[PDB]
Structure formats: structure tokens, C-alpha cells
>>> print(open('upload11.cif').read())   # mmCIF, C-alpha atoms
data_work
loop_
_atom_site.label_atom_id
_atom_site.label_comp_id
_atom_site.auth_asym_id
_atom_site.auth_seq_id
_atom_site.Cartn_x
_atom_site.Cartn_y
_atom_site.Cartn_z
CA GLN W 1 -193.56 -89.75 -188.88
CA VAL W 2 -196.44 -87.57 -190.38
CA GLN W 3 -194.91 -84.60 -188.47
CA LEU W 4 -191.48 -84.71 -186.73
CA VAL W 5 -190.46 -81.67 -184.65
CA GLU W 6 -186.95 -81.28 -183.27
CA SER W 7 -185.68 -79.32 -180.29
CA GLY W 8 -182.80 -79.42 -177.80
CA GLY W 9 -180.08 -77.85 -179.93
CA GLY W 10 -177.96 -74.90 -178.91
CA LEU W 11 -174.52 -73.36 -178.40
CA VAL W 12 -172.37 -75.27 -175.89
CA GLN W 13 -168.76 -75.38 -174.71
CA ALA W 14 -166.40 -78.24 -175.93
CA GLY W 15 -166.82 -81.17 -173.49
CA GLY W 16 -170.46 -80.16 -172.95
CA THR W 17 -173.74 -82.12 -173.11
CA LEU W 18 -177.01 -81.66 -175.05
CA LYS W 19 -180.09 -83.85 -175.56
CA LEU W 20 -181.92 -83.62 -178.85
CA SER W 21 -185.63 -84.47 -178.99
CA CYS W 22 -187.57 -85.54 -182.08
CA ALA W 23 -191.29 -85.35 -181.28
CA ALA W 24 -193.61 -87.35 -183.56
CA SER W 25 -197.14 -85.79 -184.20
CA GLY W 26 -198.51 -89.16 -183.08
CA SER W 27 -198.08 -92.93 -183.65
CA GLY W 30 -195.70 -99.16 -190.32
CA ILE W 31 -192.66 -97.65 -188.45
CA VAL W 32 -189.43 -99.61 -189.22
CA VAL W 33 -186.55 -97.32 -188.13
CA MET W 34 -185.91 -93.87 -186.69
CA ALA W 35 -182.57 -92.11 -187.08
CA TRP W 36 -180.45 -89.00 -186.50
CA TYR W 37 -178.45 -87.37 -189.27
CA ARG W 38 -176.28 -84.26 -189.34
CA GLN W 39 -175.17 -81.77 -191.97
CA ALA W 40 -172.13 -79.52 -191.35
CA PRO W 41 -171.67 -76.23 -193.41
CA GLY W 42 -171.20 -77.06 -197.12
CA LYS W 43 -171.05 -80.83 -196.37
CA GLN W 44 -173.20 -83.87 -197.23
CA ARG W 45 -175.87 -85.11 -194.80
CA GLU W 46 -174.42 -88.03 -192.82
CA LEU W 47 -175.90 -90.73 -190.57
CA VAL W 48 -175.25 -90.24 -186.84
CA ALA W 49 -177.34 -93.02 -185.25
CA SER W 50 -180.30 -95.33 -185.98
CA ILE W 51 -182.77 -97.39 -183.93
CA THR W 52 -185.07 -100.10 -185.34
CA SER W 53 -188.61 -100.67 -183.91
CA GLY W 54 -187.09 -103.81 -182.30
CA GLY W 55 -184.45 -101.67 -180.54
CA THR W 56 -181.30 -102.42 -182.62
CA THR W 57 -178.94 -99.40 -182.42
CA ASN W 58 -176.19 -98.41 -184.87
CA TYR W 59 -173.77 -95.48 -184.61
CA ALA W 60 -171.38 -93.70 -186.97
CA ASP W 61 -167.73 -94.32 -185.87
CA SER W 62 -167.28 -90.55 -185.20
CA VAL W 63 -169.95 -90.55 -182.42
CA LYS W 64 -169.64 -94.10 -180.85
CA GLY W 65 -169.69 -94.07 -177.04
CA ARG W 66 -170.23 -90.30 -176.84
CA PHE W 67 -173.80 -90.25 -178.25
CA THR W 68 -176.77 -92.50 -177.39
CA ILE W 69 -180.00 -92.91 -179.41
CA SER W 70 -183.23 -93.92 -177.64
CA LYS W 71 -186.96 -94.11 -178.37
CA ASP W 72 -189.76 -93.51 -175.86
CA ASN W 73 -192.92 -95.02 -177.44
CA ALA W 74 -195.19 -93.78 -174.60
CA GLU W 75 -194.10 -90.17 -175.42
CA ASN W 76 -193.66 -90.82 -179.21
CA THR W 77 -190.21 -89.14 -178.93
CA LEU W 78 -186.81 -90.05 -180.35
CA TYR W 79 -183.79 -88.82 -178.38
CA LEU W 80 -180.08 -88.23 -179.00
CA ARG W 81 -178.10 -87.76 -175.76
CA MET W 82 -174.77 -86.13 -176.68
CA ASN W 83 -171.81 -86.22 -174.27
CA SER W 84 -168.17 -85.04 -174.64
CA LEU W 85 -169.16 -82.64 -177.46
CA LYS W 86 -166.40 -81.50 -179.85
CA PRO W 87 -166.26 -78.55 -182.35
CA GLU W 88 -166.35 -81.22 -185.15
CA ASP W 89 -169.93 -82.07 -183.95
CA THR W 90 -171.16 -78.60 -185.11
CA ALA W 91 -174.00 -79.17 -187.62
CA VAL W 92 -177.77 -79.03 -188.19
CA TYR W 93 -179.13 -82.32 -186.78
CA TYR W 94 -182.12 -83.98 -188.40
CA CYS W 95 -184.33 -86.84 -187.34
CA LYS W 96 -185.87 -89.28 -189.82
CA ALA W 97 -188.68 -91.83 -189.63
CA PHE W 98 -188.93 -94.63 -192.17
CA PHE W 99 -192.11 -96.62 -192.56
CA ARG W 100 -194.16 -98.75 -194.92
CA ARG W 101 -197.76 -98.00 -196.03
CA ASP W 102 -199.37 -100.55 -198.40
CA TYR W 103 -195.90 -102.20 -199.00
CA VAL W 104 -194.37 -98.80 -200.13
CA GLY W 105 -191.46 -97.27 -198.14
CA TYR W 106 -191.51 -93.58 -197.13
CA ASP W 107 -189.21 -91.14 -195.29
CA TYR W 108 -190.33 -88.24 -193.11
CA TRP W 109 -187.81 -85.75 -191.90
CA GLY W 110 -187.74 -83.22 -189.07
CA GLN W 111 -186.98 -79.51 -189.69
CA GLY W 112 -183.53 -79.72 -188.06
CA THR W 113 -181.98 -78.31 -184.88
CA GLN W 114 -178.68 -76.37 -184.78
CA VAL W 115 -175.83 -77.69 -182.60
CA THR W 116 -172.77 -75.44 -182.26
CA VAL W 117 -169.80 -76.51 -180.15
CA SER W 118 -167.38 -73.65 -179.36
CA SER W 119 -163.64 -74.27 -178.81
#
>>> encode(input="upload11.cif", output="C-alpha cells")
Amino acid sequence: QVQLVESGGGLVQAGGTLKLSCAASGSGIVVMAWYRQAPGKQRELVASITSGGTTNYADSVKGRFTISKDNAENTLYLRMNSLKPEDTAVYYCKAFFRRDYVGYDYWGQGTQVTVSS
């Protein structure tokens, strides 16, 4: 959480695949998630994964995108299949944790995903 660095974005053809990576600086973690923000739009939830492994997806990305966490690597992933122009946005990862019973959010810098039609 302290530092989250994203990579894996790019410019891809409709129907294409990308894999976003959210590298944590190191290892109270409760949930990690992916969000996206399209031009002039509000930031929306894409997918979440609890420390226990419970996944949740936004209806717009169900089946096409998969969230996973590799604790050995301290990396959160978003595998994106069957990409559509509507998926164009800056994608952000988030880590939520508790320190001395107080909840905190730490966000990544974002990675651009552009899907051309």
C-alpha cells in the first residue's frame, strides 16, 4: 500500500488483451481493487479482491476481466480480454488497510488504456 506502481497499459485494437500490474513497495491489508476513470467521467470500480480471495466485478467487465493477487510478488493484476473502445480510461489500483483501528486508502498513479475501433 505505502507505494503502489502501475504498469501494463497501452494502445490496443478492439478485441485485444492487456494485463495491468499494480506493484506494492512491499508488504493490515483488507482489500485491493481496480478502478477506472474515462475522460470527464467519475472514477468507477472495476474489480476488487479481499485478502481472503473474494472477487467482485462491475457488470460492464464481468467475464472479460479477471483480478488476481500474487502475495509472493506483492503484485495485484487485472487481466483484460475482449477489450472494447468503452474500456478506454486511466486505470487505478487501490489498497485499503487498517493501522491502529483506522482505515486508510493508498492509490497508484494510474495507467492509460486506450482501445481503438
>>> resolve_selection(input="upload11.cif", expression="the PyMOL selection byres ((chain W and resi 15) around 6)", output="number ranges by chain")
W: 14, 16, 84-85
>>> residues_around(input="upload11.cif", residues="residue 38 (chain W)", least_positions_apart="2", cutoff="6 Å", atoms="only C-alpha atoms", output="PyMOL selection string")
chain W and resi 45-46+91-94
>>> resolve_selection(input="upload11.cif", expression="the PyMOL selection byres ((chain W and resi 19-36) around 7)", output="VMD selection string")
chain W and resid 1 to 9 18 37 to 38 47 to 53 76 to 82 93 to 101
>>> atom_distance(input="upload11.cif", atom1="CA of residue 86 (chain W)", atom2="CA of residue 67 (chain W)")
11.6 Å
>>> atom_distance(input="upload11.cif", atom1="CA of residue 119 (chain W)", atom2="CA of residue 69 (chain W)")
24.8 Å
>>> atom_distance(input="upload11.cif", atom1="CA of residue 88 (chain W)", atom2="CA of residue 118 (chain W)")
9.6 Å
>>> axis_aligned_box(input="upload11.cif", around="region 42-51 of chain W", padding_each_side="8 Å", output="JSON")
{"center_x": -176.9, "center_y": -87.2, "center_z": -190.6, "size_x": 27.7, "size_y": 36.3, "size_z": 29.3}
